[PDB]
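Undergrad: Okay, handing you the structure first.
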């Protein structure tokens, strides 16, 4: 059967036979039903090129009556060229194989009997055939692989998934939220060796169209496709189809000299015809193509398993949510497409970027950080027009073709749109393809619809709409439109009429928008300009939207979901900052903010930080040099990072749902030193941007002074401008020359002997090495440590305790799962070492891996709440196999064998549960509830809504928040941890595992001599703590549900959800409500205490 198709492949198809054995035929089998149309082909590159040579032959080859309308003469010509290029890739590959065989007599030795086909660098010999005195690739397999490589080169850029929190952490060893901005965009923009090789291998294996033998070693089932992909990748690197760029950690950790190589595929012109139908190869080769667009009635199916967690099945409710989001119809908004097209790529970048693309006017470091950001916008533009060209083939009027997007649940229960450049992830794409639409009566400025229209325009222009009443936002919007935006609006009106823009368009837009510039702001200008000239203003059609956006969502959800203690007036006051209003019927965030408390949770955290810093100053009051160190750090931050609340604010950044605010990353467990490094990175990035400002200023007006060119935003006079420059220089010298060191519990200043000094060259200015570390130390001791001290008083001591217990339990359980998995893997490897047919490097079979994974069941690896399923330890790591999977023929591109398996969770448990049961549940509920809002775009903690439904959709969103607040993540962890504790056996763990566990279950002084029985008792106590917290959480929710609540967490519109609790707590102070709520708390506790005994 299989030997029949590849009869001439070197070696014998018998695992237990003397002599060279063919592991390709041993590892794969023909499928029951045909998968690839290239299987029985003698020359696939030739057959497919022929199929692609004309519509008629494409139709015959694919058994279709008519081919995709996009497949025309221009596209056919491009594929003709791509195919010819494919022949050139095959030539390189065949040439590399010869070289390989001709080096160190390999092949000679192979032909003699040496099993080089079992070497990590020779697994490709399993698909060669004898040709005279040497060997050659089996043309069918080589060619099909090239075809896969060609498809990969065409769509891998956009098809590649966004790297999640674990991938990035695993790549650098640093939490994603703590990496410098430029590096994040770099990773989300390029592919790691493992990434590129892995995705290429998947296509090659798919095209080969065979099925994996479940009892064959992964060393070959995965290894063979992987070795082929490595060769192809090298081939592409040689042809320059793929370019590798290398990044480092110099911006975050000077002591880490480790570098990371990234591969990016050369871009095709955004107008290249082939982009209008980039999957012709895929459609020709595969009976059931994976890559394809979903237009009209073609709807994506519902994924059965969780993204990156094959062992987790999406629950019934998660599936219905995915179905609901996939059912939504998205439509092209022609005006923005035309606007993007006329402005062009370069101008879009100059606008959202640094105002120029001439690296001579950019500080070296600033330029570097713009690289990843620039290609991200570039790639989103290219993917947008590729979709536009495709849609355009379906209909002349591109705005009438429905577009559907596939989604899947992530590790944390978020619904992520597949792809990298789609409406959800790419801000540029988001303003051109929308599901939001409304017909508005804008005939009178006082109409309900006109207010909705202004709200959408104001929010898009960065007016903080949830922070003020509708009237005030209306006033602020009008002032912008009559003032600064005036020149831009006029430019837009002219564009919609003539179809052209001025050469200084970027200049116009930039001067008008200032730091309000974003892609959505462009949609605001465009829509306002369209309204102005609309003939029938009583029925204005527009996709402009209003995003119901969560207020400091992460922290607020944690506070409301994990707090187990009694109610405190401070908790009542602070939770109100997140939209939970008690005893205030119909209260909105807009009112709270403009009438009750204008400080959000982030501001409160900052105020508490300053309070703690104040105490610190006191303890060293007499120490003048320390007061100066502190003054210097604060003045520097006040100069470049006055607002520390970091987020995905960059106009050029992708939207990933990564929490970056220091309050939030602290609660989620990020380390102090790591946070300090991130804040310094934020400060230095701002400094570099200013340096670029100096350069651009000097060039435009050589008269402008250095001081003014650098600090003109905080200085009207030269005397003050110069004051700021001198302060900046003194701060930098002081912070890089002296550092705080904690010795004997007290702080003392020490000399670094490396303090910065000299004439600043804006183009070159750079803070790295010892100077960067010095800044980090000052940042840690004089900002970050006091920040942590105040977060406790901001979110509540009770919440902190809950997160600590959650962290410890999930980490402990993870260690055990990881350790047991490794030991069984090792035991299995010991057995196979007794097998003569086995050789070290073959590793296990899929069946053996699946068995081992299944053996972990009694340890409750998964938290199943019935509506969501979480597998915290689930990952893809190389530590299990700890060996190379394969390399290219030059012994380069060595890919580690990575396997799906449990790994140490660390602090992951906190964000995992907060996100999953907080925003994840909110969105899932929004998608599935009765009367679920239609035609929205959900973006994790915010949802875009069409203008005819902003009031009801926002109320439902707030209702969804209330239902998520009925959850108890601590109880879910407890249920799993309890089963874990009932079956775990600590005396089977490895000392390395037992050590890690003791670090979470025991105190420092009890670790060094902690027995296994001590560790077990500590783990049991954590179990008991979890249970009491869980009970406390349930009591609080039950009590809160009985009181009159008004919730406006998903704010903007002012449509709070009313729970209609009968116990009226109005007319009461926080102290009074706390009293009442606690009375109810005790009562409930008593009732639950009674129900038990009975």
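First residue shown is number 1, and so on along the chain.
Cβ from N, Cα, C; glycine included.
Found this in Swiss-Prot, in case it helps:
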BINDING   427, 428, 429, 430, 549, 550, 551, 552, 553, 554, 660, 661  ATP binding site
BINDING   549, 941  Mg(2+) binding site
Undergrad: Roughly how many Å separate the Cα of residue 553 (ATP binding site) from that of residue 941 (Mg(2+) binding site), to the nearest whole number?
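TA: For residue 553 (ATP binding site) versus residue 941 (Mg(2+) binding site), the Cα atoms are 7 Å apart.
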Undergrad: How many other Cβ atoms sit within 10 Å of the Cβ of residue 429 (ATP binding site)?
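TA: Neighbour count, Cβ to Cβ under the 10 Å cut-off: 23.
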Undergrad: Inside 10 Å of the Cβ of residue 660 (ATP binding site), count up the other Cβ atoms and send me the figure.
TA: 20
Undergrad: Using DSSP reduced to three states, classify residue 429 (ATP binding site) as helix, strand or coil.
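TA: Once the DSSP labels are grouped into three classes, residue 429 (ATP binding site) ends up as helix.
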Undergrad: Determine, to the nearest whole angstrom, how far the Cα atom of residue 941 (Mg(2+) binding site) is from the Cα atom of residue 551 (ATP binding site).
TA: 9
Undergrad: Among 427, 428, 429, 430, 549, 550, 551, 552, 553, 554, 660, 661, listed as contacts of ATP, what is the widest Cα spread in Å, to the nearest whole number?
TA: 26
Undergrad: I'd like the number of other C-beta atoms within 10 A of the C-beta of residue 553 (ATP binding site), please.
TA: 25
